[PDB]
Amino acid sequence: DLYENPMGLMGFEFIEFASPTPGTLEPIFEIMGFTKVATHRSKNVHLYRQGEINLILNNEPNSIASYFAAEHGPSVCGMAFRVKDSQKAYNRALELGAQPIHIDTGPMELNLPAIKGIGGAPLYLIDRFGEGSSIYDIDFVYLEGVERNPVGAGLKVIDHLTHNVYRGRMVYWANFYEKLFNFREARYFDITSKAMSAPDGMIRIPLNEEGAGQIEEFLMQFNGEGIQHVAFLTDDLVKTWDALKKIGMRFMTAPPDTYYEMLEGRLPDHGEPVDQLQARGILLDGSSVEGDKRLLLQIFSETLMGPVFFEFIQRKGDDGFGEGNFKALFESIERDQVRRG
């Protein structure tokens, strides 16, 4: 409860996926250790689960997600927050100037309220959850025999979703979340990024601005502003790595060996087993001041759904996002190209 929470937020509830071409999102869920676990009572949409992360696969045609997918490709096409009271939130959001998104509801099914968010993605406000009570219990039908609490590679919750937005728009969306939900900028990065945290301490949505770089090509390939990477939290990254590598997950190529030598200059006495991080390509960041250890282990997938990739992170006291790895990696590729030509 970090500051005033007028919308009654209580963390991420679920993320929605859709693609214009079929069979492109199912196999990606598999390699990240997610399991299909239920199917909608009426619609052609499906629930994948791992730890406490719910992921919805929307394959409904002429639906709001398939239009979003028709324009952006394979994508994160929806995003739901947990709220205490979702009509108090939905009303307050429309009073403060949000535009509704009508999600068509079938008979005997739950009217899910959304507003227009990033890229035109619906932002749902959900006030039912918990076993037996959840919207998965009400509106979904679980697979016979299958388990409803799969643990997979050990991913626990969504840590954050970071958006890429067009030059200028970072301040626009930053006011969107500040005005309607009372988000606050907790961090700033100048390499350009604003780290918007929710008053619940769980919902983190970083926003990124570029020219001629990694962000500008994302907006070209995504055909608009959208979620660049989804970050899953894990209790142990190296074990999640093995369990993820066991099931065909592909990661970005490890940094040069130089990167792992410089670790004891960068973060003296971090305590991490460098052999184990070097054997997997895992990165590390944080700061080490006066006996207080704040660190962060993270590794990225390659791009998997169009220009969207994923992050697997374990936090050891650092509430940042790996920002130091950008300078750390350039000095690494630098010393390693120097050492060879």
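Residue positions are given as counts along the sequence shown, with the first one as 1.
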Interresidue gap class [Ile191, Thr192; deposited sequence, unmodelled]: 4 to 9
Between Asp137 and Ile138 - deposited residues without coordinates, as a size class: none
Between 98 to 106 and 226 to 234 (mean CA B-factor, as deposited), the higher: 98 to 106
Higher-B stretch (mean Cα B-factor, as the entry records it), 175 to 183 or 147 to 155: 147 to 155
Among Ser86, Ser75, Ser133, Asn164 - the residue whose C-alpha B-factor is largest in the record: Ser133
Selection from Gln50, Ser287, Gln298, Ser301 [criterion: highest C-alpha temperature factor in the record]: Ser287
B-factor third for the C-alpha atom of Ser42 within its chain: highest
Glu71 CA temperature factor, ranked by third within the chain: lowest
Chain-relative CA temperature factor third for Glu26: middle
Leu244 - which third its CA temperature factor falls in, relative to the rest of the chain: middle
For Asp292, the third of its chain into which the C-alpha B factor falls: highest
